[PDB]
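Chemist: This one's a deposited entry, sequence included:
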Amino acid sequence: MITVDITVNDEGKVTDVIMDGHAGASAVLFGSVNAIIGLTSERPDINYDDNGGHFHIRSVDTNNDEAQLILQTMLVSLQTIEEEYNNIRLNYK
Amino acid sequence: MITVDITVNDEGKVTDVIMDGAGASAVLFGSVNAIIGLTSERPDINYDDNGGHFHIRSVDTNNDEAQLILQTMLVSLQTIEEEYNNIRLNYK
């Protein structure tokens, strides 16, 4: 099972997303990180263990509307996978 | 085995995304749900043979939010293709 921990601050901004246990879920997450970097000015703080586990996206500019839209898109896409394969568990922190 | 045809107009807007045939499908369906759930854009969708053919046609090409989601979808598909060059992207 893949676990996705999602942290939304008091201002409604996605500050952290951590995926662990990681085809659909991985493509959505990695693709979204590449989109934030390639399409916006936001450069998230990315950390992961030596095995590629505990993949943590930490937002730097939480007021970047474009990066926030991409993160929300990533979450809607992960919720779409979860709805069909409830394999993946989304946890809202 | 999967082909994705992408049409970008003269104004740089994604007008059509046509997939014919797990990662690719999740990115496509998830992105459509995001456009519908997060923006005012309501794309024209043609869907046949339970995923065998899936065509997204933009209606409001000037919707910056829907356009960002489509570009995100394309970056995500390019990421899959870079790892499984299984999927072929074509710019029409």
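Modeler: Received it, and whenever you're ready, just let me know what you need. Residues are numbered from 1 along each chain as shown, chains lettered A, B, ... in the order given.

Chemist: Please give the centre-to-centre distance between stretch A:16-28 and its chain.
Modeler: 7 Å (C-alpha atoms, centre = their mean, to the nearest Å).

Chemist: Kindly report the same for stretch A:57-71.
Modeler: 10 Å.

Chemist: residues of that stretch that come out buried?
Modeler: By neighbour count on 16 or more other C-beta atoms under 10 Å in any protein chain shown, the buried set for stretch A:57-71 is A:57, A:59, A:62, A:64, A:66, A:67, A:68, A:69, A:70, A:71. The way it works is simple: take the backbone N, C-alpha and C, and place the C-beta from them, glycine included.

Chemist: From one end of that stretch to the other, what's the distance?
Modeler: 10 Å (C-alpha to C-alpha, to the nearest Å).

Chemist: That one near chain B at all?
Modeler: Yes. Residues of stretch A:57-71 contacting chain B under C-beta under 8 Å from any C-beta of the partner chain: A:66, A:69, A:70.

Chemist: what comes into contact with that stretch?
Modeler: Contact with stretch A:57-71 is made by A:9, A:11, A:13-18, A:29, A:32-33, A:35-36, A:39-47, B:38, B:65, B:68-69, B:72, as judged by C-beta atoms under 8 Å, 6 or more residues apart in numbering or on different chains.

Chemist: And the buried ones among those residues, selectable in ChimeraX?
Modeler: To isolate the buried ones among the contacts of stretch A:57-71 in ChimeraX, judged by 16+ other C-beta under 10 Å, type:
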select /A:13,14,15,16,17,18,29,32,33,35,36,39,40,42,44 /B:38,65,68,69,72
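
Chemist: In strands only, show me the contacts of stretch A:57-71.
Modeler: Here DSSP state E is the test, and these give A:14, A:15, A:16, A:17, A:18, A:45, A:46, A:47 as lying in strands.

Chemist: could you point out the longest helix in chain A?
Modeler: helix A:65-84 (DSSP state H).

Chemist: Show me the residue sitting in the middle of chain A in space.
Modeler: Nearest residue to the geometric centre of chain A (C-alpha atoms, centre = their mean): residue A:17, 4.4 Å.

Chemist: distance of that one from chain B?
Modeler: Separation of residue A:17 from chain B (C-beta to the nearest C-beta, to the nearest Å) stands at 15 Å.

Chemist: And for residue A:4?
Modeler: 13 Å.

Chemist: what do you get for residue A:33?
Modeler: Taking C-beta to the nearest C-beta, one finds residue A:33 at 9 Å from chain B.

Chemist: ok, now how distant is the residue lying closest to that residue once chain neighbours are set aside from chain B?
Modeler: Nearest residue to residue A:33, sequence neighbours excluded (C-beta to C-beta, 6 or more residues apart in numbering or on different chains): residue A:57, at 6.3 Å. Residue A:57 sits 14 Å away from chain B, taking C-beta to the nearest C-beta as the criterion.
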